[PDB]
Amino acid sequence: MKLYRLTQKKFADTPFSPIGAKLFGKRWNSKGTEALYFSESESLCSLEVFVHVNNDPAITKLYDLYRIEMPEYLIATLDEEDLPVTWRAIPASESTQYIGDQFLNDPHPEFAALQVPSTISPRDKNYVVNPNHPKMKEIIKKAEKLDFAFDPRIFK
């Protein structure tokens, strides 16, 4: 699977540091838990961030896009029944926080990523990756830096 991440250019020296997730992540993780956020496509990856800054049509100039290949055998899938009703609330529910935390702080990690539904479009899936997984460094070595082709003028 091809997964897309983006971060500001200032972080180019450490693009896949779980620090942003630890210090500021609220949806699929709580403070102190290490995590990485990827998306199935460049467009969903771009929307998740740029919707909050949709007034700027040149936001892409502050950011850098990266892509990885995640083996299918270490991608896990959640179930809607385990998902609560408030999972899509803007004040992020602690339930999603703790599902993600359980996946991310889990010792003896068999799977490296968890498929979660996007808050913007639940039928399109984001992926939360545990950096503490063994077979991740290699994936980070094979990562490719892309130029943005998504058009931010969509937000007019």
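All residue numbers are counted from 1 along the displayed sequence.
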Please compare 5-13 with 136-144 and say which has the higher mean C-alpha temperature factor in the record.
136-144
Quick check: 57-65 versus 103-111, which has the larger average CA B-factor in the record?
103-111
Which one of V116, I90, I120, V51 shows the biggest C-alpha B-factor in the PDB entry?
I90
Where does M70 sit by CA temperature factor within its chain: lowest, middle or highest third?
highest
Please say which third, lowest, middle or highest, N29 falls into when its CA temperature factor is compared across its chain.
middle
What third of the chain, by the recorded C-alpha B-factor, contains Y98?
highest
Where does the C-alpha B-factor of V129 rank in its chain, lowest, middle or highest third?
middle
